[PDB]
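Dumping the structure here so I can ask a few things about it.
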Ligand code: HEC
Ligand code: HEC
């Protein structure tokens, strides 16, 4: 796939990354999985998030909600909508809270954003999570 | 952790397994992640699910739904409730449709079931998916 408008390349093999958590957004009618590279997953599990370490990459994968034919009360993934990424580099991405933001749309992997300044949209909401280093997700608890 | 009543041991390192899908069960008020070992993940991605191959292991992880303090419309994991497993061995588990079923409850990982016949409960529902080799989950679509 083409790079994002700010120059960020799509991380190869993100579909093999370990699970950090899951979510459902009522207003978007979607289901989401949150995965990370090994630096991200080690930080998540030890609570090294004030701040997240350089080299951590988070991905969020979104699907439209659909219902299971044999069990209609189970909400399950339908069409794939987007892959959203945050790349930690405190020096390189100082103007956007130390994070490099990027999104690719659909099974076609089309890069999102009108121009190289697109990540200001992402900051509009993610600045609300400034006390948690711009990340909303609380890693899911496991034994 | 202690073994299940049918003698199945808790699969070690399941939290490091690759993602097959996600779900939300309305009547249970939860969120779930579906992971698998590398035998199951190969079979899922290649469509080799008639039947699933011997050695495939599927896990479902469940959390109570909670809402994000900074974004109330985001439904997110709360307390960890259970880990559910299905281990494919067509010969060994021929009496339960070719799958070895087991559940461990909570952060303490307490084995579920009154006695060695507990998996007949699981079969009561999972026999509804008998045409799909007793598995409801459709692997989530990714590029
Ligand atoms: C989840 C997200 C993630 C995971 C990291 C995190 O902060 O939890 C990424 C990589 C990402 N987003 Fe953002 N996003 C928002 C909220 C509330 C959540 C948590 C709940 C859930 O699982 O859905 C997010 C909020 C918003 C938002 C407010 C309307 C906007 C405009 C955005 N996000 C925008 C972006 C991006 C701009 C292209 C981008 C690359 C994001 N998010 C990455
Ligand atoms: C999901 C499940 C999985 C993953 C494999 C699959 O079939 O998709 C495992 C390892 C497992 N269960 Fe079962 N379960 C049910 C349904 C509808 C789904 C798909 C939707 C979702 O993601 O939630 C399941 C249904 C039922 C059910 C009907 C009320 C019962 C009684 C059970 N499941 C019982 C069990 C087990 C008995 C202890 C067990 C080990 C299960 N499920 C494993």
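Here, each number is a calculation from the coordinates, and none is a lab measurement. All Cβ positions, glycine included, derive from the backbone under ideal geometry; neighbour counts span all protein chains shown.
Among (1) in a loop (DSSP other than H, G, I, E, B); (2) within 23 Å of residue A:25 (Cα to Cα), there is one condition residue B:19 misses while meeting the rest; what is its number?
(1)
Follow-up question, since we're still on this one. Taking the stated definitions as given, is residue A:65 within 16 Å of ligand 2 (Cβ to nearest atom), more than 7 Å from chain B (Cβ to nearest Cβ) and within 20 Å of residue B:71 (Cβ to Cβ)?
So residue A:65 passes the test.
Then there's this: Every residue in the range A:62-73 that is in a strand (DSSP E or B) and out of contact with any helix residue (DSSP H, G or I) (no Cβ under 8 Å at 6 or more places or on another chain), please.
Once the filter is applied, which keeps residues that are in a strand (DSSP E or B) and out of contact with any helix residue (DSSP H, G or I) (no Cβ under 8 Å at 6 or more places or on another chain), the range A:62-73 yields A:63, A:64, A:65, A:66, A:67, A:68, A:72.
Now for a different question. Take the residues in the range A:80-96 that are more than 15 Å from residue A:25 (Cα to Cα) and more than 15 Å from ligand 1 (Cβ to nearest atom); name whichever of them is surrounded by the fewest Cβ atoms within 10 Å (Cβ to Cβ).
Selected residue: A:91.
Moving to a separate point now. Residues of the range B:1-39 being touching a residue at least 40 places away in the same chain (Cβ under 8 Å) and under 21 Å from residue A:80 (Cβ atoms), which ones?
Once the filter is applied, which keeps residues that are touching a residue at least 40 places away in the same chain (Cβ under 8 Å) and under 21 Å from residue A:80 (Cβ atoms), the range B:1-39 yields B:17, B:19, B:20, B:21, B:22, B:23, B:24, B:31, B:34.
Would you confirm whether any residue within the range B:43-56 is outside any loop (DSSP other than H, G, I, E, B), without any contact (Cβ under 8 Å) to a residue 60 or more places away in the chain and either over 27 Å from residue A:20 (Cβ atoms) or touching a strand residue (DSSP E or B) at 6+ places or on another chain (Cβ under 7 Å) (or both)?
Checked against the condition, which is being outside any loop (DSSP other than H, G, I, E, B), without any contact (Cβ under 8 Å) to a residue 60 or more places away in the chain and either over 27 Å from residue A:20 (Cβ atoms) or touching a strand residue (DSSP E or B) at 6+ places or on another chain (Cβ under 7 Å) (or both), the range B:43-56 yields no hits at all.
Would you be able to say whether some residue in the range A:6-16 is surrounded by 21 or more Cβ atoms within 10 Å (Cβ to Cβ) and within 15 Å of ligand 1 (Cβ to nearest atom)?
No, the range A:6-16 contains no residue that is surrounded by 21 or more Cβ atoms within 10 Å (Cβ to Cβ) and within 15 Å of ligand 1 (Cβ to nearest atom).
Something else now. Can you tell me which condition residue B:16 does not meet? The list is (1) at the interface with another protein chain (Cβ under 9 Å from one of its Cβ atoms); (2) more than 15 Å from the chain's Cα centre (by Cα), and all the others hold.
The one condition residue B:16 does not meet is (2).
Okay, residues lined up against (1) within 16 Å of ligand 1 (Cβ to nearest atom); (2) under 30 Å from residue A:106 (Cα atoms); (3) free of Cβ contacts under 8 Å to residues at least 24 places away in the same chain; (4) out of contact with any strand residue (DSSP E or B) (no Cβ under 9 Å at 6 or more places or on another chain):
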site: B:58; (1), (2), (3), (4): no, yes, no, no
site: B:78; (1), (2), (3), (4): yes, yes, yes, no
site: B:118; (1), (2), (3), (4): no, no, no, no
site: B:126; (1), (2), (3), (4): no, no, no, no
site: B:136; (1), (2), (3), (4): no, yes, yes, no
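Do we have residue A:59 as assigned to a strand (DSSP E or B), within 14 Å of chain B (Cβ to nearest Cβ) and within 16 Å of ligand 2 (Cβ to nearest atom) here?
So residue A:59 fails the test.
Right, here's the next one. Which of the residues that make up the range B:108-133 are within 30 Å of residue A:30 (Cβ to Cβ), more than 11 Å from chain A (Cβ to nearest Cβ) and near ligand 2 (Cβ under 7 Å from one of its atoms)?
The one that is within 30 Å of residue A:30 (Cβ to Cβ), more than 11 Å from chain A (Cβ to nearest Cβ) and near ligand 2 (Cβ under 7 Å from one of its atoms): B:122.
Another question about this same structure. Find the residue count for the range A:26-44, including only residues that are closer than 30 Å to residue B:26 by Cβ and either surrounded by fewer than 17 Cβ atoms within 10 Å (Cβ to Cβ) or more than 9 Å from chain B (Cβ to nearest Cβ) (or both).
8
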